[PDB]
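Before any comments, here is the structure.
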Amino acid sequence: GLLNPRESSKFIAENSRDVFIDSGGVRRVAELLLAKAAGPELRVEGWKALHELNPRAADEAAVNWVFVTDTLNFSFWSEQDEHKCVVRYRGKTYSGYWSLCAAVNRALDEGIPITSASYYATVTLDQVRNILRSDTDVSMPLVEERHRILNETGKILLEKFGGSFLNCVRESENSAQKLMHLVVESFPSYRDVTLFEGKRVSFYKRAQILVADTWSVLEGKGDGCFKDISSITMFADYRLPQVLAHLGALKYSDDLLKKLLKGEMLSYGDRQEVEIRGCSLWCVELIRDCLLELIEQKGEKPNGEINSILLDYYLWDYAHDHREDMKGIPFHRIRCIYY
Ligand SMILES: Nc1nc2[nH]cc(CN[C@H]3C=C[C@H](O)[C@@H]3O)c2c(=O)[nH]1
């Protein structure tokens with residue numbers, strides 16, 4: 001049956017018709033990452049320290065915060081950049097995924113317990129629209145899907161887990177793989193699985209980022225100490241492929257680039273879609289191996305364990321900060337609940 005994400009990705013990358021991993025671009029990105037390796041952008045602390053919307057505390061509240069956001073961590077792109085969902089929070093302005101986090105903090109500050117399953121298990125579509133309200137005329141995408149998943153997720157947390165994601169965390173016994181597995185098996189919307197060449201492959205974008213984010217928000221300590229944190233892969237979404245294609249690590253075929261430039265919508269499980277995700281996932285594994293080797297070849301001792309989580313976080317932010325520079329190669333478009 002099921003290949004795990006890393007195995008899935010290797011298999012996809014090796015049998016890919018429309019997407020290509022370019023060793024030269026793998027080298028480049030590794031070296032761009034090397035010069036940054038001592039800075040907060042490739043430390044676990046950077047998750048809090050570079051993102052003011054992320055929770056400060058390492059408590060049950062923060063953990064449940066990470067849960068609700070990674071539960072809804074899918075599909076923020078809009079049809080045009082002039083015409084998107086924006087949320088204002090404490091006099092600052094956020095679009096995309098950050099507009100979700102703003103929306104959450106905004107609700108918490110209003111006093112609505114949006115990070116509590118007791119609440120979001122029975123929250124209405126009308127309430128959800130309210131909480132996620134935009135400050136432009138344009139709504140966040142798939143709000144109906146965000147409502148349905150909240151209700152399903154809340155119920156399951158209240159029934160199986162005492163209404164707290166901290167309980168799920170503790171049950172994983174400091175294993176990131178077990179936490180990822182528990183999540184995938186307990187919460188339907190996280191089942192980020194499809195087909196390729198007649199084998200079941202897995203990506204687990206949201207499940208993996210949820211584990212990474214649990215790790216980050218608890219600062220790699222306590223219930224968020226994970227002995228096996230380096231086993232987590234990148235989180236295969238639509239932005240990380242874009243920024244790997246920009247930097248020269250990923251190459252797309254004529255036909256694929258055709259779709260991307262015209263804004264033609266991909267479907268979840270389309271081969272080309274699957275190939276982009278799988279190749280991206282494997283691409284990052286290769287950049288990580290390159291970087292570690294470069295760090296070795298300069299006879300160094302890093303001050304923290306570099307892993308595929310941290311590279312992903314970095315490259316995602318890079319995506320965000322350098323959007324204008326990437327116009328030339330668009331991100332692939334899809335509407336699904338998985339990313
Ligand atoms: N691949 C990927 N997909 C994603 N969707 C949403 C996020 C949001 N994560 C944020 C927290 C730390 C990261 O630097 C990023 O600012 C994300 C990602 O960090 N990576």
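Chains: A, B, ... in order of the structure tokens. Residues: from 1 per chain. Ligands: from 1, in order shown.
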
Considering only C-alpha atoms and all ligand atoms, tabulate each residue of chain A that lies at most 10 Å from ligand 1 along with its nearest interatomic pair and the corresponding distance in Å to one decimal; arrange the rows by chain and ascending residue number and present them as CSV.
```
residue,atom,partner,partner_atom_place_in_ligand_line,distance
A:41,CA,ligand 1,14 (O),7.9
A:42,CA,ligand 1,14 (O),9.3
A:44,CA,ligand 1,12 (C),9.4
A:46,CA,ligand 1,12 (C),7.8
A:47,CA,ligand 1,12 (C),5.1
A:48,CA,ligand 1,12 (C),8.1
A:49,CA,ligand 1,12 (C),10.0
A:50,CA,ligand 1,14 (O),8.1
A:51,CA,ligand 1,16 (O),6.6
A:53,CA,ligand 1,11 (C),9.5
A:54,CA,ligand 1,11 (C),7.7
A:69,CA,ligand 1,6 (C),9.0
A:70,CA,ligand 1,6 (C),7.9
A:72,CA,ligand 1,6 (C),9.6
A:73,CA,ligand 1,6 (C),5.9
A:74,CA,ligand 1,5 (N),7.0
A:75,CA,ligand 1,5 (N),8.7
A:76,CA,ligand 1,5 (N),9.0
A:96,CA,ligand 1,6 (C),8.6
A:97,CA,ligand 1,6 (C),5.8
A:98,CA,ligand 1,8 (C),7.5
A:100,CA,ligand 1,6 (C),10.0
A:101,CA,ligand 1,8 (C),9.5
A:205,CA,ligand 1,1 (N),7.6
A:206,CA,ligand 1,5 (N),8.2
A:208,CA,ligand 1,1 (N),9.9
A:209,CA,ligand 1,18 (C),7.2
A:210,CA,ligand 1,9 (N),9.7
A:212,CA,ligand 1,12 (C),9.2
A:213,CA,ligand 1,11 (C),7.4
A:216,CA,ligand 1,12 (C),8.6
A:217,CA,ligand 1,11 (C),9.9
A:233,CA,ligand 1,1 (N),9.7
A:234,CA,ligand 1,1 (N),6.1
A:235,CA,ligand 1,1 (N),4.3
A:236,CA,ligand 1,1 (N),5.5
A:237,CA,ligand 1,1 (N),5.2
A:238,CA,ligand 1,3 (N),7.5
A:239,CA,ligand 1,1 (N),6.5
A:240,CA,ligand 1,1 (N),5.3
A:241,CA,ligand 1,1 (N),8.5
A:280,CA,ligand 1,1 (N),9.6
A:281,CA,ligand 1,1 (N),9.4
A:309,CA,ligand 1,20 (N),8.3
A:310,CA,ligand 1,14 (O),7.8
A:311,CA,ligand 1,14 (O),8.7
A:312,CA,ligand 1,20 (N),5.4
A:313,CA,ligand 1,14 (O),3.5
A:314,CA,ligand 1,14 (O),5.2
A:315,CA,ligand 1,14 (O),7.4
A:316,CA,ligand 1,20 (N),4.9
A:317,CA,ligand 1,14 (O),5.0
A:318,CA,ligand 1,14 (O),8.4
A:319,CA,ligand 1,20 (N),9.4
A:320,CA,ligand 1,16 (O),8.1
A:339,CA,ligand 1,5 (N),7.4
```

Name the residues in contact with residue 266 of chain A at a cut-off of 10 Å, using only C-alpha atoms, excluding same-chain residues fewer than 6 positions from it; report them as an mmCIF file with C-alpha atoms, in the first residue's frame.
```cif
data_model
loop_
_atom_site.group_PDB
_atom_site.id
_atom_site.type_symbol
_atom_site.label_atom_id
_atom_site.label_comp_id
_atom_site.auth_asym_id
_atom_site.auth_seq_id
_atom_site.Cartn_x
_atom_site.Cartn_y
_atom_site.Cartn_z
ATOM 1 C CA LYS A 259 -0.716 25.634 -18.071
ATOM 2 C CA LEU A 260 1.088 27.773 -15.449
ATOM 3 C CA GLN A 272 1.575 16.904 -13.419
ATOM 4 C CA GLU A 273 0.263 18.178 -10.088
ATOM 5 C CA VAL A 274 1.582 15.043 -8.331
ATOM 6 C CA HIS A 332 0.352 26.187 -10.209
ATOM 7 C CA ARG A 333 -3.277 26.740 -9.372
ATOM 8 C CA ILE A 334 -5.535 24.284 -7.566
ATOM 9 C CA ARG A 335 -8.474 24.491 -5.158
ATOM 10 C CA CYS A 336 -8.212 21.721 -2.562
#
```

For the strand (DSSP E or B) assignment from backbone DSSP, which residues of segment 200-293 of chain A qualify? Please present them as a compact mmCIF listing (two decimals) with N, CA, C and O atoms, in the first residue's frame.
```
# COMPACT_ATOMS: atom_id res chain seq x y z
N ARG A 200 0.03 3.94 -4.13
CA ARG A 200 -0.45 4.97 -3.23
C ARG A 200 0.76 5.72 -2.69
O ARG A 200 1.68 5.12 -2.14
N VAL A 201 0.73 7.04 -2.90
CA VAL A 201 1.76 7.94 -2.46
C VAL A 201 1.14 8.87 -1.43
O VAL A 201 -0.07 8.95 -1.33
N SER A 202 1.99 9.54 -0.66
CA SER A 202 1.55 10.39 0.41
C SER A 202 2.37 11.68 0.41
O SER A 202 3.57 11.65 0.10
N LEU A 250 14.23 23.57 -9.95
CA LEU A 250 13.15 22.81 -10.63
C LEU A 250 13.00 23.30 -12.07
O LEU A 250 13.08 24.50 -12.33
N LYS A 251 12.79 22.37 -13.00
CA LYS A 251 12.49 22.70 -14.38
C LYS A 251 11.18 22.02 -14.81
O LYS A 251 10.97 20.82 -14.54
N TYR A 252 10.32 22.81 -15.47
CA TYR A 252 9.07 22.36 -16.03
C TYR A 252 9.16 22.23 -17.56
O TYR A 252 9.81 23.05 -18.23
N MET A 265 -6.29 25.66 -14.16
CA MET A 265 -6.42 25.04 -12.85
C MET A 265 -6.03 23.56 -12.93
O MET A 265 -6.59 22.82 -13.73
```

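Proximity to residue 267 of chain A was assessed for A:185, A:57, A:337, A:27 counting only C-alpha atoms; the smallest distance is recorded for A:337.
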
- Where in segment 44-268 of chain A does DSSP assign helix (DSSP H, G or I), given as a ChimeraX atom specification? /A:46-49,60-71,97-110,117-120,125-131,143-160,165-171,176-186,188-190,205-217,222-224,229-231,239-247,254-262

- Within 8 Å of segment 131-147 of chain A, counting only C-alpha atoms, which residues show up once you throw out same-chain ones fewer than 5 positions away? Write them as a list in words, please. residues 72, 75, 76, 77, 78, 83, 84, 85, 86, 87, 88, 100, 103, 104, 107, 123, 124, 125, 335 and 337 of chain A

- Using only C-alpha atoms, which of the listed residues (A:331, A:94, A:65, A:11) sits closest to residue 243 of chain A?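 Smallest distance to residue 243 of chain A is found for A:331.
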
- From the set A:118, A:153, A:214, A:186, which residue has the shortest atom-to-atom contact distance to residue 170 of chain A, counting only C-alpha atoms?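 The shortest atom-to-atom distance to residue 170 of chain A comes from A:214.
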
- Find the residue from A:304, A:7, A:18, A:187 that sits nearest to residue 158 of chain A; use only C-alpha atoms when measuring.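 Under the stated criterion, the closest residue is A:187.
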
- For residue 60 of chain A, please output as a ChimeraX atom specification all residues within 12 Å (counting only C-alpha atoms; exclusion window: fewer than 5 positions along the same chain). /A:55,65-67,115-116,163-170,214,217-218,222-224

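Going from atom CA of residue 298 of chain A over to atom CA of residue 28 of chain A, you cover 16.3 Å.
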
- Just how far from atom CA of residue 109 of chain A is atom CA of residue 160 of chain A, in Å to one decimal?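 Computed distance, atom CA of residue 160 of chain A to atom CA of residue 109 of chain A, equals 28.4 Å.
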
- Query: In Å, how far is it from atom CA of residue 113 of chain A to atom CA of residue 64 of chain A?
  - Reply: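 Atom-to-atom, atom CA of residue 113 of chain A and atom CA of residue 64 of chain A are spaced 10.7 Å apart.
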